[PDB]
Every structure is written in structure tokens, then in C-alpha cells.
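By written order: A, B, C and D. Residues from 1 in each chain.
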Amino acid sequence: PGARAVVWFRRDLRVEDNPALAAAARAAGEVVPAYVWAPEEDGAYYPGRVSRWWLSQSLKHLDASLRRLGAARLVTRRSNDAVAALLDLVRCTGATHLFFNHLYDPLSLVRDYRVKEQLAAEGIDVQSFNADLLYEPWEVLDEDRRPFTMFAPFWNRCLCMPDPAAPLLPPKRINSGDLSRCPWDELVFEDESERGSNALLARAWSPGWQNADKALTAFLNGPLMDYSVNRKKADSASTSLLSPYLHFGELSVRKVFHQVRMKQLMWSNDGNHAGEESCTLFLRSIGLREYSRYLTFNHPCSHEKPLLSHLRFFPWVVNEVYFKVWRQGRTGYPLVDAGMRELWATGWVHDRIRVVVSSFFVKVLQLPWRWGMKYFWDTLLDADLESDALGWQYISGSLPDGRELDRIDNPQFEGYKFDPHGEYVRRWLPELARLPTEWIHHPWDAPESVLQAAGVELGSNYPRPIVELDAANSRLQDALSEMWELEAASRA
Amino acid sequence: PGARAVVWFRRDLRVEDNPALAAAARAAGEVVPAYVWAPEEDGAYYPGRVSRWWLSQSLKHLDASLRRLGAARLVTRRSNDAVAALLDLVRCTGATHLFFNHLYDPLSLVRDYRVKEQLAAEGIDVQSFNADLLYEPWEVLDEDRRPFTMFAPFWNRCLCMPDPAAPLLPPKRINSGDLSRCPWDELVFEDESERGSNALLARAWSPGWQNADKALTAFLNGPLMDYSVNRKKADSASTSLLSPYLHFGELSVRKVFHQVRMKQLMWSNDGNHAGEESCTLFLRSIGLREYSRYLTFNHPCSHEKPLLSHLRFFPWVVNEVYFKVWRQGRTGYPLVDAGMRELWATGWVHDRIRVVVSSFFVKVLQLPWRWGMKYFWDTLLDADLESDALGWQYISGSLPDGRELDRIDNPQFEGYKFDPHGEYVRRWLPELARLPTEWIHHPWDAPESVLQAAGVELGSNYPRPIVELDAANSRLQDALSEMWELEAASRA
Amino acid sequence: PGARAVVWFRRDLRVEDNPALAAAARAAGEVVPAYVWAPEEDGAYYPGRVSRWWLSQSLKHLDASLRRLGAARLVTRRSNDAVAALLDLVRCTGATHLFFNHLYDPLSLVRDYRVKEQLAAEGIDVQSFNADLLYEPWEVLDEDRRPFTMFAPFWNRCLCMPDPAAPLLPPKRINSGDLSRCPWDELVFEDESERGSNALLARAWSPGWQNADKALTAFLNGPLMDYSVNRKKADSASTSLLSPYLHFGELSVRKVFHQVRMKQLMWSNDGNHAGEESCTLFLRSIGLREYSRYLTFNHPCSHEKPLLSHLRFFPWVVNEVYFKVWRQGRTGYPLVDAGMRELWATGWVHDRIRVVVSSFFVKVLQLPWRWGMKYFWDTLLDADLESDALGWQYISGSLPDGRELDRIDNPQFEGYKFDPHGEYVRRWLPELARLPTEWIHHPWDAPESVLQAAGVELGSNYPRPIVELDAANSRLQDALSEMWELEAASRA
Amino acid sequence: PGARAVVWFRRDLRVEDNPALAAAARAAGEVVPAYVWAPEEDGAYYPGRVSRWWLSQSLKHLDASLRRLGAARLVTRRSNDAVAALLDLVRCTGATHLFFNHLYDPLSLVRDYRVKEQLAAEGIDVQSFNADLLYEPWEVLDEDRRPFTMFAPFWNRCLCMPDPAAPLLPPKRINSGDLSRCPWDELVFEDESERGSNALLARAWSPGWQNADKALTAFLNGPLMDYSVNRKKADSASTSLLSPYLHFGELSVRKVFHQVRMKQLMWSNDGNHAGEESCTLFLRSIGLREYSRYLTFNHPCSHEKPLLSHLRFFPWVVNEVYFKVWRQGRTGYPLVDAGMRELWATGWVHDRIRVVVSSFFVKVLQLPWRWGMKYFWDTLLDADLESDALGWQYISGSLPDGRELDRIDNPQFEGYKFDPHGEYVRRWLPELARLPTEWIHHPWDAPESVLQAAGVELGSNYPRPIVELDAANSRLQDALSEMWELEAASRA
């Protein structure tokens, strides 16, 4: 009751199960809540074109959700320096207590300490807890006090760890203080050119604290049960579609764990024997994110010692027109192309068809992986540098469990794994909507009298394949050899 | 991992959010679970005819749910002495740790201590926690350290108390020990005469750990939202139908609180302004049970100083044929009679039409309230002596907030409150299915040429009213006067 | 275009597939439509208490349906003489052409001729066609030019007869003439006492031209398919519920034949092999009505030579209290009693449980069948003297295919045929809602310690059986013997 | 019963409401049914690539539907001469009576007479009736005995004509004769190259006698009611999707008229005031087909005096690469291009977006209309030369009510009429899935900094517009002038 504590959140835009919210209305009795936007010294790089578009709309949905729970306001202050914003706030607000939530990424790994040291020097009682992750990366260890180099045992230990915390209920209702009229900077998240041509994201995606709580609750009832068989299939709504919601924290990662585990229970005693297997498998898929946070917290992943050091001595072509063809739906490889048409039509693509397009980048285009990550970063809603780094490691050699860099997936039966009747291609790629599915991911291989049976005439409708696959798969093996050849040269 | 702890539950038949289960598989690594049946020295009285029928079926649904989570068995041991059964068990099981769950009733208020003292003397580490109640009755107090004499402020304080514990998730999976073959007594819950004629309960009710978890989850989606308006209406599925499930603990009382409070959240930001009011009102209705546990823990309610002391000097007629007519659907009062036909057809009746039949017992029949409670006890599934005592206090004078003993409700517009179009009567009472609803709860008052317009001919179809209301409502006031007259006589 | 023809309908209240409507707006170009109410010389007897209640509401639904198709009015004229009403109309209307629809019953068999002879004498061109029946009773004959004495071959011939006429579409839209203000008598259909206590019929039934068109269309989709198995079961919505609609003509009897036969088609090629059998069986059930019209047209059934001549020399008890117990739910026989509670609660009962109550009248009560028919006539909505005569013949000896008069059905497994789990009894008869279903139709036979297991105490709840079955089944056989004994006496 | 009559159908593949079927099992008592395939002297031209694919599958669905109704067989005989096939049949079958159904097209206008003259000379009683059309083209006339030159009054008269015949019910069940083993030629409908790449038609369309009966019955319940507003909108399932079914006769054109008109009735009395307007409007849309049959029966439309005589002296460019771009989705005009991607992906496109692509052919490509019709003929399922001629007349000058040839529709607000939010484009044309809908049908006009806001880069993704619209709309007006200029030259 003493003063007005304040919470400042960045990737925990939710009012349910927000320890920071449950801490501020737990010492103080006046709680004003804030978000800051110092992007320049958020450091290169930024959040990307669409990761903004989402972020703006979440805030709106946080502001008018916040306002309802307790009429202040979401107080928007933009500055050159983050640390020197909460100081701008704390005098402004007239507050003695700043509470927020942890963030594990490198770019804000150090920021929190220097929002602690600079703030503790002003006797301000900065404190922050854990709502973004399920098992705190420093909470899990390795037989005697070491780390995990693979996924397998990190999860297998986590499984018979204890149960992680049930989600806290929201506060009853909260209240401001003087919205003095202290710091109302309206925020700029999108450039004015791509305002209109952004919003079609809203036709396929609907961001928000609320909208994410039902994003999950409508997954459990439906797509969950027959998920174990279909998680690989990309031609249907086979997956949670819940990842940007979980990126920004709009959905509590242990709300879900509680709910999933519950459904498993009911299904077991229901006698549904494939609901449990489906239900365990999902949990592992959430575990992948938990490991992502673990790996960046465990390994440097900062400046320089890069994530993909070990391709340092790799020779790839710096070709800026191959990349543009990749950027769009014109490579020649339909699986890659449907994915590529969807990413940039809608801002999300199935996991398994991320690998096929992201492998295709490094593997057969032999182009600098930095280029891919930026486009990914720029054009994805569910972009965390953390799990999207992990996804670039897995896919290209690195991770001891990640798949073989030396092997180029053959699209025809990597396409039967992920699109068996071939109707993923042909919701995005109707140019070839009619060529039968034997070789819908092949069109080159298939005979020239069948192409005409279904009006694909590569070079009018659907373009001939960039880099005819055989001779990149040669040249990767030579390229890998120079890697091996010149890493032992500078092992001297 | 050291030995085999054991849990013994009585009114907490559930595997989710069972601290006892989460305690035994938390010291020990072998967990066998048990239930005992010493009814003779469970003390007069028993659990009643149907409260058994439910109990048997729950166990079955606990045994084969227990078995699946971890194949032992539900170990059934019947004895003359309860205390001397766990000793029979602990040697048998070869166990060092007995954990169970609290029960607040008087009949087992003392038992737990003497399952502690006798068990602590054998160095056995008896311990037990809180899963049956939401706010522990000793956790709430009164300004300076006193108690609550009404409902109003007990809840109003509880509301801005803290949030009560989120429900614990079930254990992953558990395991026996040697089901030596140590104590398998098969249990007798129903007499063999009323076996067949019991089970129609199963057509309207379906007991079980599981069945209760979906009893709730199908309430939230449907009847919850438009509950604030309809909680009084008894002609539709206006209520949770969730009370026997919550009596035996099959549904966690703070599973529900979490879920309710959540729905309130989503509805508030949904803009549904009547979902919140509906959602708060339900919560109070759960609060009524919490107060029930509070009142019995607070006030003696034991041997003798009875719950309804203050009718001690009341003169009622000991008439055993009035009671039999009450027992069935033949009183003459249709509201009372539909309720009475339903209680004994199905084992549950709406709250608000419990008061009309339970008032009718004390008020116009002027019959010994003990008689009512036993039938209630004998014929209800959702029978706890605790809340069903509280419901007999409220209804007859006692509780400072309970309604006036001196006033006899007039059935005609107490029937419009609770059955406005009159279709509760006429699902149970079709003898008069056709007399229009102006006076469907009246039939006496209504004119003798209308009775014939709808073929009620009181004394063939639907019997003339026992004790024509006017002259019991006289005689209660005289009866109350002798109470007042002879309580001041023995205030000498 | 010449003048204003007029249509007058009595048991064809519908605007679709009404040849009379399609004839008047086919010579004339002005069409006014009318209904008359001469009940006194409609002849004893009347239409019964509820057959009115329906009739009033149909007219209302014809008047405002008529008005919409073409704003006149339904013109209501009540008179002592029917014939002298259309003369009152024709001058009034200023009309040259009166068209209506055939009615096959005896009471209006002669009326139509003397609405022809008296009207043809005034040079008025009376004409009328066929919309009430499917195969015109004079259209079907017997090998060489004879009649049918059983059902079996009447239908078997009708089956490979030709297809009967598809239903005509309604007129586009029609128009009056001067609603001069010529004959507006408002009509009296119900006595003012039983106005209010009639309408609960509206809760279970909803009469009307329109409401009947969807009464059918919602039958085909649902209850039709699994009708072949369930037509006998009375515990569910196993049947069309379409008979009063079809009595008054609100549903075209060959609209349905077309629709049924269509569904059979689609199901056959659907591969549904039980939809065809179900679909044929329904058709026979409609055939029963067609035969009814045939039998009254074929056999005198008029004044006197009564339908049940051959029980003329039968001795039954004239007891007016047995009949009153029958009238209500108090006989002692639950199957009979549920039916009896439903008839008079709602105005319709399943066919198969009509026989059990209507047999019970003649067979074990041995009471004058006239008494039953009047109550049936008075309390049924789907009352045509035509098919409800046929149903009294079939059930009591007469019809060569009707079941044996000498045999009294034993209620226990006539009740398993028609109510196998026993939940028909116990939606209407909840007094015994709890006694298990082994002997729910028996209660006498079942042991006195089970009655108490389920609180039936015959003589408080559910009354002991009138005429304990054995000794009526004796006495029918003696009664039948005196019939046989004294028919051969007056074969002298 | 005398002999085996035979029916031969060509564009009436249905067993319900097939007068030919109802005629053969009405003189004869043995009925064998047949279809012939003489395509060479069916005359140029053929039926097109997909009109076959449908036709094969219908037969299959007729053969095994025929077989079930009555086990013969559909007897498939292919010949050089049609007339000399039924002679091959009639001896073969040993039959005296050949009945079929009328076809109004020119190519078989004469065939029927010379399947009559050659067959009547062999004393064979050829006869055939009317099942393909609703009002027989010789049944409607013009004030005094003339014809109709516009649609408007042809329908307005037809409306207050009489009601056309209700649909006949199928036969009960029929039977062969000796399937001697007389003429079983298996039929070739598709070339073996385009077998596989044809069938995806089956994913969007499902042909068949049966499948068409439910194609309609699921239209009435849903899309019918809100059809009056949405018939123009092409972005949803706004229309019957019932036209190929109605082309081949699989759906009876007066089954539907009956059903539609019925729904109108129920909606009127339902009070739905927009169901009637919607229901009338559909009927007119069926009327368009009726007029089509009328126009070809009325006007020569044969050899030579072509349908589009009056563009005889029109100069268009014979350019075979403009046409190929049209053939596919690459014109530059998104509305045109989505349509063009759908036609050839799926074999059907909305009516209103047929005009925009078919106008675009004649109007801005200024290419020979013959070229369009063949592709239409080749790639449509719902291809009748009859109504698809009429649709080419209407769209290009001809029909006195058809729209102005001189005016080129401006795509931007012809696209708001037909695709208001722009989601038709972007189910077929996702290359531009993201450019906002202000100018999704414009992409040229819209500014070069917005193209980049949504990654359209015309010349990588979605190609720059063939013939930049302005200067075809110039050149049509010059082209029209030479028409006018050189028709008056040869009016000399």
C-alpha cells in the first residue's frame, strides 16, 4: 500500500500468469504498467518488418486489456537508451519498485543487469522472475553438474524432473496512479509504405493476449488428438499454430503444459490410446523451445563466436539473384515454392517445410546463411532469434543431433512425407494445380508429354529449376571438402 | 525411494490435485493406496441408502483409474475399528509413511487425531493436508482474531484474500509394492434387495473421478454464461449439477475456482458484461460450501448442543402418516410434490426447490426436523452432513441470515419465482399435466369448473391438500408463541 | 376471367397441391375461399373437444396464409344448414363456380350430392376432385371387378399399380373480389371454460398448413432411416408424428409419397440397405389410411349396420367408475397408464400403445366400446372417424386380419416389445419411476420386498390393479361363449 | 408385356423423371438401356477434353445405377454411324420399340429425324419426349404467333404461363432381357496421356446421377437464401454450382423448378422477405438456359450463318502467343488471371467472371472469338454449345440485350462488383497475395513504392500487363469503325 510499483514487460504481453503483475500488486497497491521502445540500442538487429506488425497489435490488445483490468493506460515511452527510460519513468511515476520479467536472449542478457546495477544504485528495488520459460535453464543439470550437448537427455531428465508451476490467476483488478500525463509517446512500428499491405496478416492470424488464450483452447479439442500421426503432414491444420502467440508470451507456456498434461490424463482413462502418445509428443515439441532457451543461455552465441562458426571456412557463391528467386515462388522446386509463397503471403509456414526451404538455402543454393536468417527474421511473426537460431543450427550440420550437412534431401519423397496427396502445393502454387501428384514435386523429371497433359510448360507457367539439382549435390560435396581441407590447414 | 508410503482417502476420490497422492510419491517411491469401511464406528449415523450407491461406483472408478496410473489395486479393508486397520495395513504393506487428507466433519474430527496419536506412538509419520476445501477454516479471521456469525462478510473478506492454490497435476504414474495379497475384503455398500432398483440413478447421474472432470468442463461452455439470470429457475438445466461430484471430492474445488475465474477473465475482455456477473455469482455459490465447512469447524455441532437447539422447546405433531405422504408425491402441493417425486426418482433436486420442500416439512407439516434430515441423508447423492446441516439451519429460523421461521411461503408466487411457465411440475407431475399454469401450483384455489376443464378431480388424480394451508399458518404462529412462551419460562 | 369462382374446404386445409384451389384460379380469375361451420347438422356426432382446438388454429393459419397468397380473407359463415350456406354465399359473393374437395366419410358422403343437386338446380357448376387420398377407393379393384376383404392384397395390388399424381405446386398468387363484407361470422370452436387448459397442446404440437410441411421434411432427414427397426418402440421419437397434420389435409398425402419414394431411391444407390426396407415399411403405414378410406367407402358403416355389429350379442358391464379409472392414469397397469396419462396430457399416443389401451378397454374392462370411441374422438387431435373406426375394428376381433378377440395380451412382454428398457413408463408415470424394469409393467407380480426397494406401495403411490388380470381373462372367455351361444340362438 | 423396348439417352443421364424410361417400361415389360458413341459423325466438333472426363464418369454412375434398378447393364456400342447402331441394336436386342429423349442442338436436330425416318421405315415405333427443358421452345409464342428477340418478355410471359410438369418418380425396378452378350464395346473417352492429370477434377467436382440430386438438395438449405445479394460475388460459394449436372441432365430441370418454387412458398409464409426475392432470381437464372434452347431452336445457328455473323467484317490480330498467355494465368490482369487459373485448374468458373475473361478475349486481345470458344468447349465441364453459344453472343455486341461491344470494362470496379475484398484473386493468384486490395486488380496503376511494400515486382512475380489497357481501348474503337466502315461498303 506504500507506493506505486511499476512493471515493464517486453516479451510477456499477457495479464494472466505474469509474475511481474503478481509482484507489483503484491508489494505496492498502486501499479502502473509500461513498455519501452529503444530499438537503435536494442542493437543490430531490429525486430523484422512483420514481427513489428504483430507487436503493435499486441500492445493495442494489451493497452485496452490493461485498461479494463485497471484503468491506467499502457504507457509508451521511446528513448535512445532503455536504462535511461525507467529512470525517466520512476521519477515521473513517483515509484519505488520496478518489477519485470526475465529474457534469456543475448541482446538483453546484459541489459537486465545494467537495468539492475544502474537502478539499484538509485535504491529502487529492481526485481524480476520467470514467466517466459518452463524449466529455468539454470535449473537443469547433467549427472554431476555439467551441461547437455544434445536434446535427447535434456528432455529425458526434464520429464522425471518435478512438475513446473501451475499458472497464476490474473490479479482481480488493478489501478494506476496519476497517468500524470507523464510519457505518452505514440510508437512507430511500421513504415508508412507497408501499412496497408501488412494487414492481410490479420486475415490468417489474429494477435492478442486474449486471442492467444483461445488459440490454444481450440487446439486441444480438435487438432491435438490426431496430432501424433499428422504432425509431419503439412497439408492440413495438423499443428497448434501457436508459436508467435508463445513467442511474445501472450500464451503462458505453463498454462499450456498444465492443459496438455490434463488432456493426456483424461484420454488415458478414456481409453484413447493414441491421445496419450499424441499428447506426449506435443509436449516434446514444446520442449524444443525450452532447449532453445537453454542453448543460448549455455553457449556464448554472441560476438563474435557465431552460432555457425564451423562453416566459417565454407565457400558459397555470393549471388544476389539466386537469393531473389528464393525470396519468391520461382525456384523451380514446388515444395520450396509453396512454402516460399506462404511465408511471404502469411508470415508462417509449417515447421517441417521450414527445413525444406531453409535447407534448400544453404544446401543447393549454397548461399550465405546470414541472408536466410534476415529474411526469416524480417518476414516471420513467430521470430525469436533464440529458437530460430536453433532451427538454423539443426538444419545445417551443427547440432550433434541435427541432420547431416553433407546430404541433400531428394524432394520427391521428402514431399511425400510432408504433402502426401500433394495439396499443399496447389493451394499456393496453382500454376501447376493440375499435373498429377506422382511428380508434382518433380516437374522436371516427369515426361514432356505429361507436362502437356497438365499444361505446365516450364518457362511459361512454373519456371525451370534454378541449379538443376544433380550438380549442386556434386558441388556441395566438393564445397564440404574444401571446408574439411582448409580447417585442417588452419589447425596448424 | 526408501520405503512404501501409503495414502488412505475417504472423501477425496480423485487422482488429480490430491496432495496425499503428491506426498506419498514424494517421500516414498513405492505408493500403495487404500480405503477402509468401518461404518459401525463411523458412528450413528451411517451414510444413506444412495450415498452408498454412489460411493461404491466411485471406488470402482477409483480402483480401475488407480490401477491404470499405477498397477496396484485399490485395497479394500473393512474392520470394526478404523484406527486398528491402518495398523493392520502398515505391517501388512510394510510401510513407514501414511498420508491422507483432512476432513472437517465432527464424526471424523476426532478420528484423525486418534489416527495420529495411535499412529505416532508407532513411529509412523502420519501427515495429511488440504484438498477438500478452498480457504482453510482456520485461515480466515474477523478484524481482530474472531469468527463470522453471518455469510456476508466471510465471503466479502475471502474475496480480497489471496488467490488459493492452483490445482496440482496428477502424478506421472505410480506403483504398488506387493499387493501382498494382503487385505482384499470385498465391500458391501447396498443391501441385496435394493440393488436393481438403485441403478436408475445411473440413467440421470454418472459418478466417477473422470465423469466429474467433464461434469464441470461441460458446464462452463454451456449453462455457466446465462446462469446469473436463471440460477433461480428450476425448470431447466440452470445449474452446475456438480454437487455430489464435489461432495466426495471427485472434482477439485480449486480446479473449479481456477477455471471459473478464468472464464470470467475471458468474458470481461470479450465484452460479455453478463458473463462476469454470472461468473461471480457462481463463485459465491461455491463459497456457500466453504462457509459450511467453516461453521461446523467453528461451532460445536456435536453431542449434544444440536444445530437446531433453539427449536428445542417447539411443539410439533409426531404424526407418522403426514410424513409418509410427504415422503412421496401426495401432499397436495405440486411444487413440493414434483420435488418429492424427483428426489426419490433421481437423488437430486434443485437447491431452491429443496427449500420449498424442506420448509414445507418444518413449517406446515410441523413435523420433527430430524425426520426430514434422515430422509435427505438417506435419499440424496450429494449428502454431506456439513452443507446439509447448513441448509437445514438457513431454512428454519436459525442462521441470522437464514429466512424467517415465522413466515410460511405462499406457494403460488414462490412457484412463479422458481417455475414460471410451470413445466417443472408436469415433467414429474403429469396427473395435472393439463391444468393451465395460472394455478398449477394452486389447484385448490382455482375454480371447480376449471379443474374439470383440465381433468384434475382432487381425490382421483392429484390428492386434496394435506392440512389446508391457512390453518397451519395460523398454528405455526401459536406454535412459535409457545416456543417464545416456554423459553422465557426456563430462562428462570 | 369471367367471374369469381369460390372454393370451400373442410378437411383439406392447405394451399399446396389443392386441386380445388387449382381449379378455381383456372376457370375464374377471381377466387374467394370459404369454410362453413354447421355442426348441429353435421350430425351426431361432433368433432371432439381437441379436434376443435386444432381446427381453430389451422383456420387461423389458413386465413393468414390465404390472405398472403391473395388478400381476401378466409370467409367464415356459420349456419344451421350447410347446403343453405353456399347459396347464401354464391349470391353474396356474386359467383358462378363452386369447387371443393371430396370427403369419403359417411356423414358427408350424402352431403356432397345434396350440395350438388341443390346447387346444380341453381345452374352453378359444382365440381370437386381428389386431394385427400392417394388411390381413389373406386380406382382399385379385385381380379374380376370385386372388393378386398383384407389389407394384404389391397396394398400388394396398389404397389404394382401406377404411380399416383405428383403434387401440384401452389398457385402463384390469388385474389378476392369484394370481401363485400358479406358473411364474417366469427366462429366458436371451444367452450370458454377449457380455453386456457387447452393450449398446452401447443407445447407438444404445433398445427398449421406450414407447420405440417416441415413436420414431414424434418422426419425424412432424421427418424425415417432407422424406422424399420424402431416403429414398434414407443420410448423414442420413432415415428412420423404426422397424423393430425395428415388428417386435416395440411400435409399432402402424395407430397409425402413422392418424397418418401425419392428417399428410398437415394438410399438404394447410397448402398443403405436398411433405408429401403425402412422406407417401404413407412409407405405401407400410409397405405393403412388409404385402406381406411376404402373400407368406409366399401362397406356401409352407417345407420345402423354398425362397424362392430358382431359384438351385438356381447354382454359387458355398464360400469361408469371402471371407465373413469380408465379415463385417467389409475388402472394399475403401467403401460396402459402412461398411455392414458399422455393421451389426455397431449392428445397423441403411439399407435402400438393405442392398441394396448384400446384393447384393455374392450378386453379386460369388458366395457361398451362406444364409450372408448367417444373419448378417443373427444381427446385426440388426429381423430378421423374413418381411420379411428378402422383401428377399433382391427383391435377387437372384426377385421379378418385384426388380432384375436379371444386373446388378452399379457402386459409384461407386450411391454418389452413396445418399451424395452421401460422409459416410456417413467416419463409419464414417475410415481414408480424407480422400481427396476424387470417388472415395471407388472408391479403386482413382483415381490413385496422389491416394491419397497423402490417405494411403490400400491394404494399410496400407484394404485392396485383394477380387475386383477386373471379373472377378466377367465370372464372374457365366458363372455365370448355367450356371444357364440346367443348368435346361434338367433340364427333361428 | 409384349416385347423388349429399348431407351437410348445422350444428355439425360438420370433415372428419375426420365420420360423415356417411363415410356419403355410402360409399353414393353422388358427394357434394356443403351448409349452410343459415334463421335466422328457426331460432327466437328467433338465434346472437349474434360466434357469427356465427366461423361465417362456419369456413364459409370449410370451403369451401376441402372444395374441396381434393373440388372442388365448399360450397353455401350461405338460405331461410325449412329443411325446404323440402333439398327445393329434392335435386331441384336430383339426389340420392337425404341424410345429416347429430345435434344435441341443443331448437330442432333437432324439426327433425331433420320433416327426416325430410317427407323420408321423398319416399322420400329421410334418415339421421344421432353426431359431436357422446362418450357418446350415451340410451346411459347409472341402475342400473335411470332418469336422473341430479347430475354425480357420471353420470361415475363413464361412466368404467367402454366406450371410445368412435376417430376415423374423413377420406375420401381426394371429388367433386361438377354444382355445377349450382344454389343459390349468398352468406350474410349480420354487419351491415355491425360488420364492421371484429369482426375483432380474429382477433387472439386463429383459427377453422377446421384451426386447431382444432392448437389441441389444441399444448395436449397444453404446458399439459396442469401443468393439474391451475393449472386454477383465470386469470392464465395454464392451460386448453385449445379450447371454441368444440369447440362448432362443428371439433375431434372423441373425437379429443381418444383423444389425452388416450394422453398419460395415456405419462405413467404415464413416471413422471410428476402428468400422470395432470392428465390425468384434463381428461377430467372434457370430461365436463361430455357431461352438458350429457345434461341438455337429459333434461329439457324448452323452452317454457315454463324452466331456472330455481325463481326464478320471485323479485323482482329491472328496472334498465337497472345492467346497462349490468355490460355494461362499470365495476362497481367488479376481478375482475368484468377479466372484463367481456375478454369484450367478445375473446369468451372463463376458466371460473372466468365464474362470478364471472355470479354477480355474479344475486347482487349482482339483475337478471333472462335479461339475462345474452343478452349471453353475443351476445358469446361458445363459445356453445352447451346448455352455457351448464348454466353458468347450476350458478351460481344450481338444480343439486343447483351452488353455493348464498344465498351471495354474497366477492371478496377468491375472487380469490386465481383470480388469486393479481393480474396478471389489470392486464392488462385497468391503471387500477389499481399498487395492491398485497393489495387489488387490494378497492379500497374498503383505506385512503385507500394508494389515493393507487397513484393510484386511485375516481371518477376506477376507479369506486366499484355497490351497496356489504354491502347487496346483506343484500337477497338478504330476496329469497330472499320466494321461499320466496311459493312456499309458491302451493303452495296
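As a convention for this text, a residue touches a chain if its C-beta (ideal position, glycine included) is under 8 Å from a C-beta of that chain, and two chains touch if they have at least 3 such contacts.
Composition by chain, UniProt nomenclature: A, B, C, D = Cryptochrome-1.
**Q** Looking at B-C, A-B or A-D, which pair matches C-D on over half of its contact pairs by residue number?
**A** Looking at which residue pairs coincide with C-D, the repeat is A-B.
**Q** Once you find the CA centre of chain B (Cryptochrome-1) and the CA centre of chain C (Cryptochrome-1), what distance in Å lies between them?
**A** 50
**Q** Report the inter-chain centroid distance for chain B (Cryptochrome-1) and chain D (Cryptochrome-1) in whole angstrom, where each centroid is the mean of the CA atoms.
**A** One centre to the other, that is 70 Å.
**Q** Hunt down the residues of chain B (Cryptochrome-1) that sit against at least two other chains at once, touch-wise.
**A** Residues of chain B (Cryptochrome-1) touching two or more partner chains: there are none.
**Q** Check the chains against each other and report every pair that touches.
**A** So the chains that touch one another pair up as A-B, A-D, B-C, C-D.
**Q** Taking the complex as given, what residues does chain C (Cryptochrome-1) use to touch chain D (Cryptochrome-1)?
**A** Of all residues in chain C (Cryptochrome-1), those touching chain D (Cryptochrome-1) are 15-16, 65, 68, 159-160, 163, 165-170, 172, 209-210, 213-214, 258, 261-262, 265-266, 268-270.
**Q** For chain A (Cryptochrome-1), which residues are in contact with chain D (Cryptochrome-1) within the complex?
**A** Result: residues 193-194, 196-197, 199-200, 203, 324-325, 327-330, 341-342, 344-346, 423, 426-428, 430-431, 433-436, 438, 449-450, 452-455, 457, 460-461 of chain A (Cryptochrome-1) touch chain D (Cryptochrome-1).
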